[PDB]
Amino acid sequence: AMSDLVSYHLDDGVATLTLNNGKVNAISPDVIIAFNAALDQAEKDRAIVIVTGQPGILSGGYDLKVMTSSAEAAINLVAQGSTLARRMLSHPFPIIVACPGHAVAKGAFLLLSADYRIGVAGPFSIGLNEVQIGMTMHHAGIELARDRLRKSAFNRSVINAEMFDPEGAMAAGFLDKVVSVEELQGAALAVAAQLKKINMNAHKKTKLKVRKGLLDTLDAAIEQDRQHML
């Protein structure tokens, strides 16, 4: 059920999107469809959005099974996932990503696609391991990382595949805040509470205005990656 993959719950103007897909929350084609459906709903409820995963894991990245099944499937999967990153960055209300543990590859791209990011202290890895396992990074990912990561963490993350612990991921730009595994839900609602205080219309317009460069660049990238990522 798509509603188990990304569950949607609305409470007090916050929509929690909970990804729940097997052992490592892989980003599959169904996951992205679920996400788009959940975000459709979040737009319609005008809600502050909190995206989160399962305990100990945000997401280990794209479904490898789909990725390796064929070049067409890999191409369509990454295009959808990048299109989803672009949609999140252009979302009309604030997106909080509440990371409950590890966030690797596309899972760490989700943190680079949001308005506020919170992670949890502990033995977790956050980073972009694609270069480690043999993948040349796609334009979309390079460009999401370029725009958010601290300049000297950026070549280390993308080019060297450096993995970060939570504090390190906050210093590098994956996270804005590190709390304990137990504080996570509460810290997320507390940031949501502060976002409720801003003007949503001014937020939307400022987000599209600030992010125009990034959004056009992502559209060009998504197309370049289709034609040439492989």
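One-based numbering along the sequence shown.
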Tell me which of 137 to 145 and 72 to 80 has the higher mean C-alpha B-factor in the deposited entry.
72 to 80
Regarding 118 to 126 and 104 to 112, which shows the higher C-alpha temperature factor on average in the entry?
118 to 126
From the list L175, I50, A161, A190, select the residue with the highest C-alpha B factor recorded in the entry.
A190
Chain thirds of CA B-factor: placement of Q54
highest
By the entry's values, the third containing the CA B factor of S152 is the middle
Thinking about Cα B factors across the chain, which third does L215 belong to?
middle
Taking only the Cα B-factors deposited for this chain, tell me whether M170 sits in the lowest, middle or highest third.
middle
With respect to C-alpha B-factor, does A202 fall in the lowest, middle or highest third of the chain as deposited?
lowest
